[PDB]
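Engineer: Structure file model_33.txt (compact mmCIF, C-alpha atoms and all ligand atoms) right here:
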# COMPACT_ATOMS: atom_id res chain seq x y z
CA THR I 86 105.91 80.61 88.24
CA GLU I 87 102.81 79.18 89.97
CA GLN I 88 102.40 82.19 92.29
CA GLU I 89 102.57 84.62 89.36
CA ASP I 90 100.10 82.54 87.31
CA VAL I 91 97.51 82.34 90.10
CA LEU I 92 97.85 86.10 90.71
CA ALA I 93 97.16 86.80 87.03
CA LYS I 94 94.08 84.54 87.18
CA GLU I 95 92.70 86.31 90.25
CA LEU I 96 93.22 89.69 88.53
CA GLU I 97 90.93 88.56 85.69
CA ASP I 98 88.03 89.33 88.09
CA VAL I 99 89.07 93.01 88.35
CA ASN I 100 85.76 94.13 86.78
CA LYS I 101 83.69 92.11 89.29
CA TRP I 102 82.20 92.96 92.68
CA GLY I 103 83.76 90.50 95.12
CA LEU I 104 87.32 90.34 93.77
CA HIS I 105 89.49 88.13 96.00
CA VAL I 106 91.48 91.12 97.26
CA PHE I 107 93.05 89.40 100.29
CA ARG I 108 94.30 86.53 98.12
CA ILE I 109 95.74 89.10 95.68
CA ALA I 110 97.49 90.85 98.59
CA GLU I 111 99.13 87.55 99.57
CA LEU I 112 100.11 86.46 96.04
CA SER I 113 101.65 89.86 95.19
CA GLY I 114 103.93 90.00 98.25
CA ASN I 115 101.67 92.55 99.96
CA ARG I 116 101.36 94.73 96.85
CA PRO I 117 97.58 94.68 96.18
CA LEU I 118 97.39 98.44 95.57
CA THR I 119 100.21 98.42 93.02
CA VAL I 120 99.02 95.38 91.05
CA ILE I 121 95.32 96.32 91.15
CA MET I 122 95.99 99.95 90.13
CA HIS I 123 98.29 98.81 87.32
CA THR I 124 95.69 96.30 86.10
CA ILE I 125 92.90 98.90 86.14
CA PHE I 126 95.05 101.52 84.36
CA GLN I 127 95.80 98.97 81.62
CA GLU I 128 92.13 97.90 81.39
CA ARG I 129 90.93 101.51 80.98
CA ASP I 130 93.85 102.39 78.64
CA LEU I 131 94.86 105.23 81.00
CA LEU I 132 98.62 104.91 80.38
CA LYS I 133 98.17 105.59 76.66
CA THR I 134 95.45 108.24 77.09
CA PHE I 135 97.52 110.32 79.54
CA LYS I 136 100.97 109.29 78.25
CA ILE I 137 101.99 107.83 81.62
CA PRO I 138 105.33 105.98 81.40
CA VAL I 139 104.88 102.47 82.82
CA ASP I 140 107.99 102.74 85.02
CA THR I 141 106.71 106.05 86.45
CA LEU I 142 103.33 104.54 87.31
CA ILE I 143 104.85 101.54 89.10
CA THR I 144 107.38 103.70 90.98
CA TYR I 145 104.66 106.04 92.23
CA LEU I 146 102.31 103.17 93.14
CA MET I 147 104.98 101.31 95.09
CA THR I 148 105.92 104.54 96.92
CA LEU I 149 102.27 105.31 97.67
CA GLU I 150 101.68 101.75 98.88
CA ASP I 151 104.75 102.00 101.18
CA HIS I 152 103.08 104.95 102.92
CA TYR I 153 100.14 102.80 104.03
CA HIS I 154 100.98 101.26 107.43
CA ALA I 155 101.49 97.48 107.49
CA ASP I 156 100.68 97.34 111.22
CA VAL I 157 97.25 99.02 110.85
CA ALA I 158 94.65 96.24 110.52
CA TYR I 159 91.98 97.98 108.43
CA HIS I 160 93.20 101.35 107.08
CA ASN I 161 96.06 99.89 105.07
CA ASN I 162 97.02 99.17 101.45
CA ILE I 163 94.48 96.32 101.14
CA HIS I 164 91.63 98.72 102.00
CA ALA I 165 93.03 101.24 99.50
CA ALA I 166 93.20 98.56 96.77
CA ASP I 167 89.64 97.49 97.62
CA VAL I 168 88.27 101.04 97.39
CA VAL I 169 90.15 101.58 94.09
CA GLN I 170 88.70 98.39 92.61
CA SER I 171 85.20 99.09 93.95
CA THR I 172 85.25 102.60 92.41
CA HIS I 173 86.46 101.02 89.15
CA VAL I 174 83.38 98.76 89.11
CA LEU I 175 81.00 101.60 90.05
CA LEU I 176 82.38 103.72 87.19
CA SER I 177 81.27 100.94 84.79
CA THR I 178 77.61 101.13 85.98
CA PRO I 179 75.36 101.14 82.85
CA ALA I 180 73.55 104.26 84.13
CA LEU I 181 76.89 106.13 84.09
CA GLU I 182 77.89 104.95 80.60
CA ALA I 183 79.88 107.71 78.87
CA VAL I 184 78.91 110.19 81.62
CA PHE I 185 82.42 110.90 82.92
CA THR I 186 85.48 111.95 80.92
CA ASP I 187 88.79 110.11 81.04
CA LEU I 188 90.20 112.85 83.32
CA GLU I 189 87.27 112.46 85.75
CA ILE I 190 87.74 108.66 85.72
CA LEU I 191 91.46 109.16 86.42
CA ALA I 192 90.64 111.54 89.27
CA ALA I 193 88.17 109.15 90.94
CA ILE I 194 90.57 106.20 90.73
CA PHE I 195 93.59 108.23 91.93
CA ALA I 196 91.51 109.72 94.76
CA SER I 197 90.50 106.19 95.78
CA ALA I 198 94.15 105.05 95.79
CA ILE I 199 95.41 107.85 98.05
CA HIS I 200 92.28 108.34 100.15
CA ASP I 201 93.59 106.81 103.42
CA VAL I 202 97.37 107.00 102.88
CA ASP I 203 99.49 107.26 106.05
CA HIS I 204 96.46 106.50 108.23
CA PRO I 205 97.66 106.01 111.85
CA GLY I 206 94.81 103.67 112.84
CA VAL I 207 93.00 106.20 115.04
CA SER I 208 90.01 108.46 114.32
CA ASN I 209 89.75 112.19 113.72
CA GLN I 210 88.06 112.57 117.12
CA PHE I 211 90.90 110.71 118.86
CA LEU I 212 93.39 113.01 117.12
CA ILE I 213 91.42 116.08 118.25
CA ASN I 214 91.00 114.81 121.83
CA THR I 215 94.71 113.98 122.31
CA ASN I 216 95.84 117.43 121.13
CA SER I 217 97.76 115.77 118.29
CA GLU I 218 100.08 117.54 115.87
CA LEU I 219 97.75 116.53 113.00
CA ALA I 220 94.70 118.16 114.60
CA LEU I 221 96.79 121.26 115.38
CA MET I 222 97.95 121.46 111.75
CA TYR I 223 94.43 121.09 110.33
CA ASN I 224 92.39 123.05 112.87
CA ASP I 225 90.23 120.07 113.87
CA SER I 226 88.47 119.72 110.50
CA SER I 227 88.86 116.74 108.17
CA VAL I 228 92.18 116.18 109.93
CA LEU I 229 93.01 112.77 108.48
CA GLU I 230 91.48 113.47 105.06
CA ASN I 231 93.57 116.62 104.57
CA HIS I 232 96.65 114.62 105.55
CA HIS I 233 95.88 111.74 103.15
CA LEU I 234 95.62 114.27 100.31
CA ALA I 235 98.83 116.10 101.27
CA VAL I 236 100.82 112.85 101.35
CA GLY I 237 99.29 111.45 98.13
CA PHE I 238 100.15 114.61 96.20
CA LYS I 239 103.57 115.15 97.81
CA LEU I 240 104.69 111.66 96.75
CA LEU I 241 104.23 112.66 93.08
CA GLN I 242 107.35 114.84 93.53
CA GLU I 243 109.65 111.90 94.39
CA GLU I 244 112.09 110.65 91.71
CA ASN I 245 110.25 109.25 88.67
CA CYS I 246 106.87 109.49 90.43
CA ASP I 247 105.00 112.24 88.56
CA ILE I 248 102.39 110.14 86.75
CA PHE I 249 100.69 113.37 85.59
CA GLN I 250 103.82 114.81 83.91
CA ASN I 251 102.23 114.75 80.43
CA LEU I 252 98.87 116.28 81.38
CA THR I 253 98.33 119.92 80.38
CA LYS I 254 98.45 122.57 83.11
CA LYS I 255 94.65 122.82 82.87
CA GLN I 256 94.23 119.06 83.21
CA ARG I 257 96.54 118.97 86.25
CA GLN I 258 94.62 121.82 87.91
CA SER I 259 91.25 120.16 87.21
CA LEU I 260 92.40 116.74 88.42
CA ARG I 261 93.89 118.18 91.61
CA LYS I 262 90.67 120.03 92.45
CA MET I 263 88.52 116.97 91.79
CA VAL I 264 90.75 114.70 93.87
CA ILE I 265 90.66 117.12 96.82
CA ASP I 266 86.86 117.45 96.55
CA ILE I 267 86.51 113.65 96.51
CA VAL I 268 88.85 112.74 99.37
CA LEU I 269 87.55 115.50 101.67
CA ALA I 270 84.07 114.01 101.11
CA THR I 271 85.24 110.69 102.67
CA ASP I 272 85.26 112.38 106.10
CA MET I 273 82.47 110.50 107.90
CA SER I 274 81.29 113.66 109.69
CA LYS I 275 80.05 114.82 106.24
CA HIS I 276 78.10 111.62 105.50
CA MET I 277 74.64 112.93 106.48
CA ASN I 278 75.00 116.07 104.35
CA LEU I 279 76.39 114.11 101.38
CA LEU I 280 73.46 111.67 101.57
CA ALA I 281 70.88 114.45 101.91
CA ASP I 282 72.23 116.10 98.75
CA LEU I 283 72.30 112.73 96.92
CA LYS I 284 68.63 112.19 97.77
CA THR I 285 67.84 115.64 96.34
CA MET I 286 69.61 114.76 93.07
CA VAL I 287 67.62 111.52 92.82
CA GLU I 288 64.33 113.44 93.16
CA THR I 289 65.26 115.85 90.33
CA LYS I 290 67.05 113.11 88.33
CA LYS I 291 67.34 113.61 84.55
CA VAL I 292 68.01 110.60 82.30
CA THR I 293 68.06 109.44 78.68
CA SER I 294 65.60 106.86 77.31
CA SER I 295 68.14 104.14 78.24
CA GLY I 296 68.42 105.39 81.85
CA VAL I 297 71.82 107.10 81.57
CA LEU I 298 72.35 110.02 83.97
CA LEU I 299 72.57 113.52 82.48
CA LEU I 300 75.01 115.64 84.54
CA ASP I 301 76.04 118.95 82.99
CA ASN I 302 77.72 121.19 85.58
CA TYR I 303 80.63 120.55 87.90
CA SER I 304 78.54 120.64 91.08
CA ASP I 305 76.40 117.69 89.97
CA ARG I 306 79.29 115.73 88.41
CA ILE I 307 81.56 116.01 91.45
CA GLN I 308 78.64 115.23 93.78
CA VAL I 309 78.14 111.90 92.00
CA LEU I 310 81.89 111.16 92.10
CA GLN I 311 82.03 112.06 95.82
CA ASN I 312 79.14 109.72 96.61
CA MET I 313 80.58 107.01 94.35
CA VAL I 314 83.91 106.91 96.21
CA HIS I 315 82.05 107.24 99.55
CA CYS I 316 79.96 104.16 98.55
CA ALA I 317 83.19 102.33 97.64
CA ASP I 318 84.65 103.29 101.03
CA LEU I 319 81.46 101.92 102.67
CA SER I 320 81.19 98.85 100.42
CA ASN I 321 82.42 96.10 102.80
CA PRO I 322 78.90 95.03 103.93
CA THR I 323 77.80 94.71 100.26
CA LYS I 324 80.56 92.21 99.35
CA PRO I 325 80.32 88.41 99.58
CA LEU I 326 80.06 87.45 103.27
CA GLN I 327 83.51 85.82 103.39
CA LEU I 328 85.08 89.17 102.44
CA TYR I 329 82.80 91.26 104.69
CA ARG I 330 83.59 89.15 107.76
CA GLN I 331 87.34 89.65 107.17
CA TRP I 332 86.85 93.42 106.93
CA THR I 333 84.83 93.35 110.16
CA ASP I 334 87.58 91.42 111.97
CA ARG I 335 90.08 94.02 110.77
CA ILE I 336 88.15 97.18 111.72
CA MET I 337 87.35 95.70 115.15
CA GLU I 338 91.06 94.98 115.73
CA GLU I 339 91.91 98.56 114.77
CA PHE I 340 89.08 100.02 116.87
CA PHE I 341 90.04 97.89 119.90
CA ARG I 342 93.64 99.12 119.67
CA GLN I 343 92.34 102.72 119.72
CA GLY I 344 90.18 101.88 122.75
CA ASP I 345 93.22 100.41 124.51
CA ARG I 346 95.00 103.75 124.03
CA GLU I 347 91.93 105.64 125.28
CA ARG I 348 91.48 103.41 128.35
CA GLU I 349 95.09 103.84 129.51
CA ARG I 350 94.97 107.63 128.97
CA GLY I 351 91.83 107.84 131.13
CA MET I 352 89.74 108.91 128.13
CA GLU I 353 86.18 107.77 127.51
CA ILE I 354 86.32 104.79 125.16
CA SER I 355 84.85 105.52 121.71
CA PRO I 356 81.88 103.54 120.35
CA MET I 357 82.89 100.00 119.22
CA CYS I 358 86.43 100.41 120.67
CA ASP I 359 86.04 98.64 124.03
CA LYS I 360 87.15 95.00 123.65
CA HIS I 361 85.72 94.24 127.12
CA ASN I 362 82.21 95.61 126.34
CA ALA I 363 81.73 94.91 122.62
CA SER I 364 78.73 93.67 120.63
CA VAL I 365 80.31 93.14 117.20
CA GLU I 366 77.26 91.63 115.51
CA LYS I 367 74.78 94.16 116.90
CA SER I 368 77.16 96.94 115.80
CA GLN I 369 77.28 95.59 112.23
CA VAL I 370 73.47 95.44 112.02
CA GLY I 371 73.36 99.02 113.34
CA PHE I 372 76.07 100.15 110.88
CA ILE I 373 74.03 98.70 108.01
CA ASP I 374 70.66 100.04 109.20
CA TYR I 375 71.76 103.59 110.00
CA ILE I 376 74.61 104.30 107.54
CA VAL I 377 75.35 101.72 104.84
CA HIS I 378 71.84 100.74 103.72
CA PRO I 379 70.44 104.32 103.60
CA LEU I 380 73.44 105.28 101.41
CA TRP I 381 73.34 102.26 99.08
CA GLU I 382 69.54 102.40 98.70
CA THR I 383 69.89 106.02 97.54
CA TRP I 384 72.75 105.15 95.18
CA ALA I 385 70.60 102.27 93.87
CA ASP I 386 67.77 104.73 93.13
CA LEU I 387 70.19 106.99 91.25
CA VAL I 388 71.40 104.17 88.97
CA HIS I 389 68.22 102.03 89.06
CA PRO I 390 68.27 99.10 88.57
CA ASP I 391 72.04 98.58 88.12
CA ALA I 392 72.90 98.29 91.84
CA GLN I 393 70.23 95.69 92.65
CA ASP I 394 72.72 92.82 93.06
CA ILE I 395 74.85 94.91 95.46
CA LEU I 396 71.78 95.83 97.51
CA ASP I 397 70.68 92.17 97.53
CA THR I 398 74.04 91.11 98.96
CA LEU I 399 73.89 93.86 101.60
CA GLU I 400 70.46 92.66 102.73
CA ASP I 401 71.64 88.99 102.74
CA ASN I 402 74.57 89.97 104.95
CA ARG I 403 72.40 92.01 107.32
CA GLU I 404 70.07 89.01 107.69
CA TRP I 405 73.00 86.70 108.43
CA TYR I 406 74.59 89.03 111.01
CA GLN I 407 71.19 89.48 112.67
CA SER I 408 70.80 85.67 112.88
CA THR I 409 74.01 85.47 114.93
CA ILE I 410 72.34 87.60 117.65
CA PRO I 411 70.40 85.34 120.06
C1 LIG V 1 83.53 96.23 107.94
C2 LIG V 1 82.73 96.96 109.05
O1 LIG V 1 83.09 98.36 109.08
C3 LIG V 1 82.66 99.11 110.09
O2 LIG V 1 81.96 98.67 111.00
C4 LIG V 1 83.01 100.55 110.08
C5 LIG V 1 82.43 101.58 110.96
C6 LIG V 1 81.40 101.47 112.05
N1 LIG V 1 82.98 102.68 110.64
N2 LIG V 1 83.86 102.51 109.64
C7 LIG V 1 84.57 103.54 109.12
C8 LIG V 1 85.54 104.17 109.92
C9 LIG V 1 86.27 105.24 109.40
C10 LIG V 1 86.03 105.70 108.10
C11 LIG V 1 85.07 105.08 107.28
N3 LIG V 1 84.84 105.53 106.01
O3 LIG V 1 85.24 106.64 105.72
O4 LIG V 1 84.09 104.90 105.29
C12 LIG V 1 84.33 104.00 107.82
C13 LIG V 1 83.88 101.24 109.30
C14 LIG V 1 84.77 100.68 108.20
MG MG V 2 89.32 107.68 105.47
ZN ZN V 3 88.70 104.50 103.65
What do you get writing this file as C-alpha cells?
Structural biologist:
Amino acid sequence: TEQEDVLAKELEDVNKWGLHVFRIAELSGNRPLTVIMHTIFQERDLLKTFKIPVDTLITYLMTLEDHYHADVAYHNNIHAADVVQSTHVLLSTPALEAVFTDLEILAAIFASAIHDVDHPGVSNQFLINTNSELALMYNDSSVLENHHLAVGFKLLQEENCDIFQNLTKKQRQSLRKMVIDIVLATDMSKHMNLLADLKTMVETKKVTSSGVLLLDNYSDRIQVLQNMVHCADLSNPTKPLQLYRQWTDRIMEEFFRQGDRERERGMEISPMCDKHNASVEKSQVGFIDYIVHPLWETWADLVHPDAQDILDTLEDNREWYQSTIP
C-alpha cells in the first residue's frame, strides 16, 4: 500500500531533529504515538532487552494514545509523540554516550509518552481557579502532572497492557520512581528552579577526555533526565520553522479556547489566551527570550558542542518571528 510505504519512509528519520511528525500522524490514521514509540523501541532493542511482548506493547500504546484528547489542539497524541521522539534524539547526544542504562532510557521514553495524557486543554492555574475536582484531588500542586502520571500507570493494568511484566520487582520500582520524578518536573512552575540547578551542574561539570558526562549518583542522573525531557517538552521553537509555526497555531487555538471559558465565567483572561487582544509573534519572541533560549543555552553548555545545530535553529526562528513584528 502507498500510504503504508510513505509512512515507513517518513519513520526512517526517527533519529533526526525535525521528523515530519504531523505527516506521520496523518499517514498512521492518527496513531503517531503508537507508531513512533514502536519504531523507537525496535531501534533501541527495548522489546528484547526487557522481554516486552510485541502485542502487549501495541495494546498499551493504542490504549495510552486513546486517552489523549482528539479535540485538544496542542496537548494531544501528536505532542506526546513529538516529545517522545525528541527525547529519543537527545538520549543519543554524543556527550551522553553510554551514560544512561537501558532502564533509565526506558524510563525517559515512557515518561515522555505519558507526560500529558488525558490533558483537558486548560492550565493548572485555570483548574485551581475554577475549584475543579482535579485541583481538589491534588491540593493545587502539579495538578495536571500528577494526573498524567496516574493515568499512564493505571493503563498498564488493562488487559494485555503491562509492558513491564518481565522486569524484576527492583526494576519496576526504580522505573516507577524515575518516571514520577521526570513527569512532575514538566510542571512549568518548577522551570526556574530546574534551570538554576542545571546551571549549577554545568559549572561543576565533570567529563572524560572525549567530553562525555560523568554522572554517578541518582540526584545528578535524574536531574539530567528531568531537564532532558523538559527540553523536549520545550523543543517546538528549535525545530524547522514549518513545524514550529504549526505548533504555535495549535497552542494559540488551545489557549484561546481557555480564554473563551475564562471570559464567559467573568474570570481574568490568562496571558496569551485573549483572542481579541493577542500579539502572537511578540509572545513567541518573549517565550524564546525568557524561557526557551535560557534553557537550551544551558543544555547546550552541558553537552557542548552537540546541541549547536538545535541552538542555531532556535536563533533562526527567533529572528524570523521578530521580523514579522513591524
Ligand atoms: C509553540 C509555542 O508554544 C508556546 O508558546 C507555549 C507557551 C507560552 N507555553 N507553553 C507550554 C504550556 C504548558 C506546558 C508547557 N510545557 O510544559 O512545556 C509549555 C507552550 C507550548
Ligand atoms: Mg504538561
Ligand atoms: Zn507537554
Engineer: Go through I:175, I:377, I:121, I:196 and flag the residue nearest residue 392 of chain I, using all atoms listed in the file for the distances.
Structural biologist: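 Nearest to residue 392 of chain I: I:175.
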Engineer: Do you know which residues lie at most 12 Å from (104.6, 100.1, 103.2), with coordinates as in the file and all atoms listed in the file counted, and could you write them as number ranges by chain?
Structural biologist: I: 114-119, 146-157, 161-163, 202-204
Engineer: Kindly export the residues of the current selection with C-alpha atoms, as an mmCIF file, in the coordinates of the input.
Structural biologist:
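Dumped everything to part39.cif:
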data_model
loop_
_atom_site.group_PDB
_atom_site.id
_atom_site.type_symbol
_atom_site.label_atom_id
_atom_site.label_comp_id
_atom_site.auth_asym_id
_atom_site.auth_seq_id
_atom_site.Cartn_x
_atom_site.Cartn_y
_atom_site.Cartn_z
ATOM 1 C CA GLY I 114 103.930 90.000 98.250
ATOM 2 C CA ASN I 115 101.670 92.550 99.960
ATOM 3 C CA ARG I 116 101.360 94.730 96.850
ATOM 4 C CA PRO I 117 97.580 94.680 96.180
ATOM 5 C CA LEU I 118 97.390 98.440 95.570
ATOM 6 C CA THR I 119 100.210 98.420 93.020
ATOM 7 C CA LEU I 146 102.310 103.170 93.140
ATOM 8 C CA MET I 147 104.980 101.310 95.090
ATOM 9 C CA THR I 148 105.920 104.540 96.920
ATOM 10 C CA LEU I 149 102.270 105.310 97.670
ATOM 11 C CA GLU I 150 101.680 101.750 98.880
ATOM 12 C CA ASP I 151 104.750 102.000 101.180
ATOM 13 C CA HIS I 152 103.080 104.950 102.920
ATOM 14 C CA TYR I 153 100.140 102.800 104.030
ATOM 15 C CA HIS I 154 100.980 101.260 107.430
ATOM 16 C CA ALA I 155 101.490 97.480 107.490
ATOM 17 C CA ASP I 156 100.680 97.340 111.220
ATOM 18 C CA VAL I 157 97.250 99.020 110.850
ATOM 19 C CA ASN I 161 96.060 99.890 105.070
ATOM 20 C CA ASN I 162 97.020 99.170 101.450
ATOM 21 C CA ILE I 163 94.480 96.320 101.140
ATOM 22 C CA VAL I 202 97.370 107.000 102.880
ATOM 23 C CA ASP I 203 99.490 107.260 106.050
ATOM 24 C CA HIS I 204 96.460 106.500 108.230
#
Engineer: Counting only C-alpha atoms and all ligand atoms, which residues of chain I sit at most 10 Å from some atom of ligand ZN 3 (chain V), and what is each one's closest atom pair with its distance in Å to one decimal, listed by chain and rising residue number, as a Markdown table?
Structural biologist:
| residue | atom | partner | partner_atom | distance |
| --- | --- | --- | --- | --- |
| I:159 | CA | V:ZN3 | ZN | 8.7 |
| I:160 | CA | V:ZN3 | ZN | 6.5 |
| I:161 | CA | V:ZN3 | ZN | 8.8 |
| I:164 | CA | V:ZN3 | ZN | 6.7 |
| I:165 | CA | V:ZN3 | ZN | 6.8 |
| I:167 | CA | V:ZN3 | ZN | 9.3 |
| I:168 | CA | V:ZN3 | ZN | 7.2 |
| I:197 | CA | V:ZN3 | ZN | 8.2 |
| I:198 | CA | V:ZN3 | ZN | 9.6 |
| I:199 | CA | V:ZN3 | ZN | 9.4 |
| I:200 | CA | V:ZN3 | ZN | 6.3 |
| I:201 | CA | V:ZN3 | ZN | 5.4 |
| I:202 | CA | V:ZN3 | ZN | 9.1 |
| I:204 | CA | V:ZN3 | ZN | 9.2 |
| I:230 | CA | V:ZN3 | ZN | 9.5 |
| I:268 | CA | V:ZN3 | ZN | 9.3 |
| I:271 | CA | V:ZN3 | ZN | 7.2 |
| I:272 | CA | V:ZN3 | ZN | 8.9 |
| I:273 | CA | V:ZN3 | ZN | 9.6 |
| I:314 | CA | V:ZN3 | ZN | 9.2 |
| I:315 | CA | V:ZN3 | ZN | 8.3 |
| I:317 | CA | V:ZN3 | ZN | 8.4 |
| I:318 | CA | V:ZN3 | ZN | 5.0 |
| I:319 | CA | V:ZN3 | ZN | 7.7 |
| I:320 | CA | V:ZN3 | ZN | 9.9 |
Engineer: When distances are computed from only C-alpha atoms, which of I:91, I:388, I:365, I:310 shows the smallest separation from residue 330 of chain I?
Structural biologist: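 Among the listed residues, the smallest separation from residue 330 of chain I belongs to I:365.
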Engineer: Rank I:126, I:372, I:107, I:381 by their smallest atom-to-atom distance to residue 398 of chain I, using only C-alpha atoms, and report the top residue only.
Structural biologist: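 Among the listed residues, I:381 lies closest to residue 398 of chain I.
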Engineer: Give me, please, the distance in Å between atom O2 of ligand LIG 1 (chain V) and atom CA of residue 322 of chain I, quoted to one decimal.
Structural biologist: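 It comes out at 8.5 Å.
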Engineer: Could you list, as a count of residues only, every residue within 8 Å of residue 102 of chain I, counting all atoms listed in the file and ignoring same-chain residues fewer than 3 positions away?
Structural biologist: 3
